[PDB]
Amino acid sequence: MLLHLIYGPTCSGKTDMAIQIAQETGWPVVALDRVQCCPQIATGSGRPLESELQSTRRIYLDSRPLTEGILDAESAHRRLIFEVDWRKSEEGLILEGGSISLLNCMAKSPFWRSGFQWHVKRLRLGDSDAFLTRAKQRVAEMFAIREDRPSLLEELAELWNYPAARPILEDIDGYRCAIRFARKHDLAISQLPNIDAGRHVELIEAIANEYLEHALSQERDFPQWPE
Ligand SMILES: Nc1ncnc2c1ncn2[C@@H]1O[C@H](COP(=O)(O)O)[C@@H](O)[C@H]1O
Ligand SMILES: [Cl-]
C-alpha cells in the first residue's frame, strides 16, 4: 500500500490538494485532525463542505460529542492505525491534516516505519501577510450564511447553550477568538451573528491572527517527516 501524507499548517490548501488526488485515484482521505472528529463544529474545525468533496470519501478518526472532550492524540493514533490497517488490500490512501499532537504520535510510532511505500508532502508557512490573506478568506467562507450547513457563529451559539461545552470551545481556534471578541464588546454569544459589517471585519481579522498564531506553533512543534 502507498500512503500519501500531506501535512502542514492551517490554511495551506492541504485539504483541496487531498481532494484532488482523491478524485483522480478513487482513494479515501483520512483526516489527521482530532478537532474535526466533533461534527457539532464541522464548519469552524475545517471540515470540507459536502459540495466541495466532489464525491470523494473523507474519513474521520471518531465521531463524537464536543462535551466528551476533543479526542486525545494517543486514541486518535490508535484509531488511525486501524483505518489504515483494515484497508491494507487497497492500492493507496491519502493521510491529510495538521494535528501537531497526532503527527508527533505518528513520528514516534513503529507502525509507519515499515510495510508502506510513501509520498510525503509538507506545506510550509510562507510569508505572514500571504498567510493572513488566505486566513481571512477562509474565515469569511466559514462565516457565510448557507442553507446547507451552519456557520461557525451558528455552531458556536448552539453549543453555548450547554455549559460544559463552554470550557472546551475556549480551547479551540476560531471559537476562542470569537468568544473573546464577544466579551470584549459586551455582546452575548447568541448575538455574534447579528453584528454590523464594521464589527464583522474586525472579527474576521482577529480570527485570522489567531490562525497565524496557530500556524506558527505548527511550524515549531511539527515533526520533520523523512522524505
Ligand atoms: N481543526 C482545528 N480547528 C481549530 N483548532 C484546532 C484544530 N486542530 C487543532 N486545533 C487547536 O490546536 C490545539 C492542539 O491540537 P493538535 O494540533 O491536534 O495537537 C487544539 O487544542 C486546538 O485549540
Ligand atoms: Cl488546509
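So the sequence shown is numbered by PDB author numbering: it starts at 1 and just counts up by one. Beta carbons are placed, not taken as given, at the ideal position from N, Cα and C, and that holds for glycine.
* Asked: Can you give the Cα-Cα distance for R87 and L93, rounded to whole angstroms?
  -> Residue 87 sits at position 87 when you count from the first residue of the sequence shown. Residue 93 sits at position 93 when you count from the first residue of the sequence shown. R87 and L93: Cα-Cα distance of roughly 8 angstroms.
* Under 8 angstroms between C-beta atoms of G26 and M142 -> Counted from its first residue, the sequence shown places residue 26 at position 26. Counted from its first residue, the sequence shown places residue 142 at position 142. No. Outside cutoff.
* Among all the DSSP beta bridges, which residues are the ones paired with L95? -> In the sequence shown, counting from the first residue as 1, residue 95 sits at position 95. The partner list for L95 (beta bridge, DSSP) reads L5 and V30.
* Asked: Comparing the CB of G44 with every heavy atom of ligand 2, is any distance shorter than 7 angstroms?
  -> Residue 44 sits at position 44 when you count from the first residue of the sequence shown. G44: no, Cβ never under 7 angstroms from ligand 2.
* Asked: For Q117, which residues does DSSP report across the bridge?
  -> Here residue 117 refers to the residue found at position 117 of the sequence shown. Bridge partners of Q117: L2.
* To do: Take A140 and list the residues in its own chain whose beta-carbon comes closer than 8 angstroms to its own, dropping the five residues that flank it on each side.
  => Numbered from 1 along the sequence shown, position 140 holds the residue referred to as residue 140. If we look at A140 and ignore the five residues flanking it on each side, its Cβ neighbours are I204.
* **Validate contact between the stretch 123-133 and the stretch 51-64 using beta carbons, cut 8 angstroms, 3 pairs** => At 8 angstroms Cβ cutoff, the stretches do not touch.
* Asked: Alpha carbon to alpha carbon, how far is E210 from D196?
  -> Here residue 210 refers to the residue found at position 210 of the sequence shown. Here residue 196 refers to the residue found at position 196 of the sequence shown. Each residue's alpha carbon lies about 21 angstroms from the other.
* Any heavy atom of ligand 2 closer than 7 angstroms to the CB of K14? -> One-based indexing of the sequence shown puts residue 14 at position 14. Yes, Cβ of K14 sits closer than 7 angstroms to a heavy atom of ligand 2.
* When the Cβ atoms of the stretch 70-87 are set against those of the stretch 27-34, are three or more pairs found closer than 8 angstroms? -> yes
* Asked: Quick one: what does DSSP say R134 is sitting in, helix, strand or coil?
  -> Counting from one through the sequence shown, the residue named residue 134 turns up at place 134. In the structure shown, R134 adopts helical secondary structure according to DSSP, grouped into three states.
* To do: Could you check the C-alpha separation between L153 and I70 for me, to the nearest Å?
  => For this step, residue 153 is matched to residue 153 along the sequence shown. For this step, residue 70 is matched to residue 70 along the sequence shown. Whole-angstrom Cα-Cα distance: 19 angstroms.
* Asked: Any heavy atom of ligand 1 closer than 7 angstroms to the CB of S99?
  -> Counted from its first residue, the sequence shown places residue 99 at position 99. Indeed, a heavy atom of ligand 1 lies less than 7 angstroms from the Cβ.
* Local conformation of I59 per DSSP, three classes -> If you number the sequence shown from 1, residue 59 lands on position 59. Three-state result, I59: strand.
* Check whether the Cβ of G69 lies closer than 7 angstroms to any heavy atom of ligand 1, and answer yes or no. => Looking up residue 69 in the sequence shown gives position 69. Result no, Cβ not under 7 angstroms from ligand 1.
* To do: Return the chain-ordered list of same chain residues with a C-beta closer than 8 angstroms to the C-beta of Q36, the five sequence neighbours on each side being excluded.
  => Within the sequence shown, numbered from 1, the residue matching residue 36 stands at position 36. Excluding sequence neighbours, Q36 sits near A42, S45, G46, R47, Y60 and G97.
* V201 classed as buried or exposed, judged by whether at least 16 other C-beta atoms fall within 10 angstroms -> By one-based count along the sequence shown, residue 201 stands at place 201. So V201 counts as exposed.
* **Where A164 falls, given that 16 or more other Cβ within 10 Å makes a residue buried** => To locate residue 164, count along the sequence shown from 1; it is residue 164. Per the 10 Å Cβ criterion, exposed.
* Asked: For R183, which three-state DSSP category applies?
  -> Here residue 183 is taken as the residue at index 183 of the sequence shown, counted from 1. In the structure shown, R183 sits in a helix (DSSP, three-state: H, G or I).
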